[PDB]
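Okay, so here's the structure we're looking at.
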Amino acid sequence: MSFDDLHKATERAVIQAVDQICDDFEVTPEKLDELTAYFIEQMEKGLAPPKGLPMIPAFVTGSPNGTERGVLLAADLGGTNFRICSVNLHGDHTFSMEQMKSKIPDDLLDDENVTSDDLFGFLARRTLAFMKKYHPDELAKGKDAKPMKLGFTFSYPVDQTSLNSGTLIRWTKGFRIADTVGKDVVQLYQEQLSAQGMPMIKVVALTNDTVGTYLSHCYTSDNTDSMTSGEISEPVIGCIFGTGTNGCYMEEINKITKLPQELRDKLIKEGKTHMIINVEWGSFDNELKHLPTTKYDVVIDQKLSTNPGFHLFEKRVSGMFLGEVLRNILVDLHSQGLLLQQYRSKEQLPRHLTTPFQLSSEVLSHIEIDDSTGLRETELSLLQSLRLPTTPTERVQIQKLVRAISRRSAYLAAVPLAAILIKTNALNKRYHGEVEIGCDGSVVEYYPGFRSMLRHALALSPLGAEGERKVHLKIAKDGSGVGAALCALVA
Numbered sequence: 001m002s003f004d005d006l007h008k009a010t011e012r013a014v015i016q017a018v019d020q021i022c023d024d025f026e027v028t029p030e031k032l033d034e035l036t037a038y039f040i041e042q043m044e045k046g047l048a049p050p060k061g062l063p064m065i066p067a068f069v070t071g072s073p074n075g076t077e078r079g080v081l082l083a084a085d086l087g088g089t090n091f092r093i094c095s096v097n098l099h100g101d102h103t104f105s106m107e108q109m110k111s112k113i114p115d116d117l118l119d120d121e122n123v124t125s126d127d128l129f130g131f132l133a134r135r136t137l138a139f140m141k142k143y144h145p146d147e148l149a150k151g152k153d154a155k156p157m158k159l160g161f162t163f164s165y166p167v168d169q170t171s172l173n174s175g176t177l178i179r180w181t182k183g184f185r186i187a188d189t190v191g192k193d194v195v196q197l198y199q200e201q202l203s204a205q206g207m208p209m210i211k212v213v214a215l216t217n218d219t220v221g222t223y224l225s226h227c228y229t230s231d232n233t234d235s236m237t238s239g240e241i242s243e244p245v246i247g248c249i250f251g252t253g254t255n256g257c258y259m260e261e262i263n264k265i266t267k268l269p270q271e272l273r274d275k276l277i278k279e280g281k282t283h284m285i286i287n288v289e290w291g292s293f294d295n296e297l298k299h300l301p302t303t304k305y306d307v308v309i310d311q312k313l314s315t316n317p318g319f320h321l322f323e324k325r326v327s328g329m330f331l332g333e334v335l336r337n338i339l340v341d342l343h344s345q346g347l348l349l350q351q352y353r354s355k356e357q358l359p360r361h362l363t364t365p366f367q368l369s370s371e372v373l374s375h376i377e378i379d380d381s382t383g384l385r386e387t388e389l390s391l392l393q394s395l396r397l398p399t400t401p402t403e404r405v406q407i408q409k410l411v412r413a414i415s416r417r418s419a420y421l422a423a424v425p426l427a428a429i430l431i432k433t434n435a436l437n438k439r440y441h442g443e444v445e446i447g448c449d450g451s452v453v454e455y456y457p458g459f460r461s462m463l464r465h466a467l468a469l470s471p472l473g474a475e476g477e478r479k480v481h482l483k484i485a486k487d488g489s490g491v492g493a494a495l496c497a498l499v500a
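The deposited numbering puts the sequence shown at residues 1 to 50, 60 to 500.
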């Protein structure tokens, strides 16, 4: 056929093939029902003694009201940095901030055999510099003063035998230091704090970023938590979607069959009815019994991934992998002759479409909501910020693919929220019963319309579109810094 005839036939075939890839990417409401039911099943398997889900009790039996008073501290430590924050709760749904971001120490931790004393003394040194800098209010009263409660955000593998008690099991995503496999991390931090000179500091909390997100959403609840006035709604889920994904919710105390009955009765004999469970829902259905999977998901999880087959739901939802899936689809369609069709072979393609993760997520951000830009002006430009240029008929299908990837990730992200809301139902305060779930992270906050698709999925779930609209949801953003302080408050 003619060059023009072949071009037209090729464009029609690209229509076909891209629609077929989309069909292979779709999430049906039937699959939604299947996934949420299996998630309820994994939840109930998990928190009973032996496994369904890594549902780790966070040992928090109280939620902030947004009416709270006082000033508290918060320490967080990871491979990223070390941070000492200080929060002054104004007494309304507001607060005031102070903080020092002590950079991760330059190579006292690079797989050298260093003491817990070295690392935790660096932590306490930065805490002492903090106290000296912004207030020696009770630091000048170094012998004794009115104490200060602070929460610790130690985002490492930890065995939290209770609140303000953690027994570190390993340094993963960090580097191995000597003989901390049995130490209590809150105890080490407290020892180093009382050893530099502040004995006023009490380390009374230990939680990770998701429990902090939940507590930071309890505070600052849009005037829907101060009283049963206007909207009558309470927050029941904290969660982070983005580079990673996880969530936490409050479960009945006597429904956590895992914890021994001693602690359960000792809590219920108090005013204590519920406790926060940090559902590790990252790495959900790793066995892939129900979790949808395509070819590109396999080729990325196996070859290009650092966790070969461990956090599968994370990888299907994370913001890093969206652009990666798009890149693999593009390289596929090219090497099979349908797209970018005058780069005569692979390794003639631009340097970023060939190499692994060079297709970032802001690309999909710009592409997904392309307005009628006189047919893909900002989209062409931004997709062309990486070295490859494109044509209109190709850009239409590339937008199709990007939107399909995003919709799948959003519906999957909605599955666990729906399963939690339907396990602990939102229809128990029979009248005006409403529930808001607060969210942090990259994808959920800044990806265009990822919340609209979350809502559409929650409507298409066995959470009924009839009942989805008693759940409105928005963002609570600081969990390592404000959430730790609030976990110290409710300690």
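From the three backbone atoms N, C-alpha and C, an ideal C-beta is built for every residue, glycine too.
Give me the Cα-Cα distance between residue i and residue j, rounded to the nearest whole angstrom.
i      : j      : result
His7   : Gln406 : 15 angstroms
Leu177 : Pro66  : 16 angstroms
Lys150 : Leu472 : 56 angstroms
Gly256 : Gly100 : 27 angstroms
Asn90  : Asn434 : 39 angstroms
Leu159 : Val213 : 6 angstroms
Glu289 : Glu11  : 44 angstroms
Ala422 : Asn295 : 15 angstroms
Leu197 : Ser354 : 58 angstroms
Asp120 : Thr303 : 37 angstroms
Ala48  : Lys298 : 21 angstroms
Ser203 : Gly87  : 22 angstroms
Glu388 : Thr229 : 37 angstroms
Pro365 : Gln351 : 22 angstroms
Going by DSSP, what residue range makes up the beta strand (DSSP E) through residue i?
i      : result
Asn255 : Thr254 to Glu261
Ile246 : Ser242 to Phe250
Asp85  : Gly79 to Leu86
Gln408 : Taken as a continuous stretch (DSSP letters only), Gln408 belongs to no beta strand (DSSP E), being part of the alpha helix (DSSP H) at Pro401 to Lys432.
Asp449 : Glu443 to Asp449
For residue i, does the count of other Cβ atoms within 10 angstroms reach 16, so buried, or fall short, so exposed?
i          : result
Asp234     : buried
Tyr440     : exposed
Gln16      : exposed
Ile262     : buried
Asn232     : exposed
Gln345     : exposed
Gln201     : buried
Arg135     : buried
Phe330     : buried
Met1       : exposed
residue 56 : Within the gap of the chain, which runs from 50 to 60, lies residue 56, and it has no coordinates in the structure.
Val14      : buried
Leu384     : exposed
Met236     : exposed
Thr222     : buried
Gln393     : exposed
If I follow the unbroken alpha helix (DSSP H) through residue i, where does it start and stop?
i      : result
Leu202 : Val194 to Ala204
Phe319 : Here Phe319 belongs to no alpha helix (DSSP H), and DSSP marks it neither H nor E.
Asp168 : From DSSP, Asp168 is part of no alpha helix (DSSP H) but of the beta strand (DSSP E) over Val167 to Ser171.
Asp19  : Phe3 to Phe25
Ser164 : From DSSP, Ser164 is part of no alpha helix (DSSP H); its letter is neither H nor E.
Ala485 : Here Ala485 belongs to no alpha helix (DSSP H), and DSSP marks it neither H nor E.
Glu371 : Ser370 to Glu377
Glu388 : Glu386 to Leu392
Figure out for me which residue from the options has the closest Cα to the Cα of residue i.
i      : options                           : result
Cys248 : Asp310, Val453 and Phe3           : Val453
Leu224 : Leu300, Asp294, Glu77 and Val340  : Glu77
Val123 : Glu26, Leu137 and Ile186          : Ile186
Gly61  : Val69, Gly71 and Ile40            : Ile40
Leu463 : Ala9, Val18, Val167 and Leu32     : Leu32
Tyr143 : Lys155, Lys281, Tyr165 and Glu107 : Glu107
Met259 : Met284, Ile277 and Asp116         : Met284
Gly183 : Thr364, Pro166 and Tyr456         : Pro166
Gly488 : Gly79, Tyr38, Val220 and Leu137   : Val220
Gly442 : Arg478, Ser461 and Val424         : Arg478
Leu495 : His102, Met209 and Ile21          : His102
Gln20  : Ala493, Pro425, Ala413 and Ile484 : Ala413
Ordered along the chain, which non-local residues of its own chain (more than five positions away) have a Cβ less than 6 angstroms from that of residue i?
i      : result
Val194 : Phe163, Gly175 and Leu177
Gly490 : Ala83 and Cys94
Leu482 : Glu445 and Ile446
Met109 : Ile93 and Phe139
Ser470 : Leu32, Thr36 and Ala427
For residue i, which residues of its own chain have a beta-carbon under 7 angstroms away from its beta-carbon, when the five flanking residues on both sides are left out?
i      : result
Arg336 : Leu362 and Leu368
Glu243 : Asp234 and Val444
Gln311 : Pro317
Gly253 : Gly291, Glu323 and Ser327
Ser171 : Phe68
Looking only at its chain, what residues have a beta carbon closer than 8 angstroms to the beta carbon of residue i, apart from the 5 residues adjacent to it on each side?
i      : result
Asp23  : none
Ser125 : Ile186, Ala187, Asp188, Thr189, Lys192 and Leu197
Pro457 : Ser374, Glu377 and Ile378
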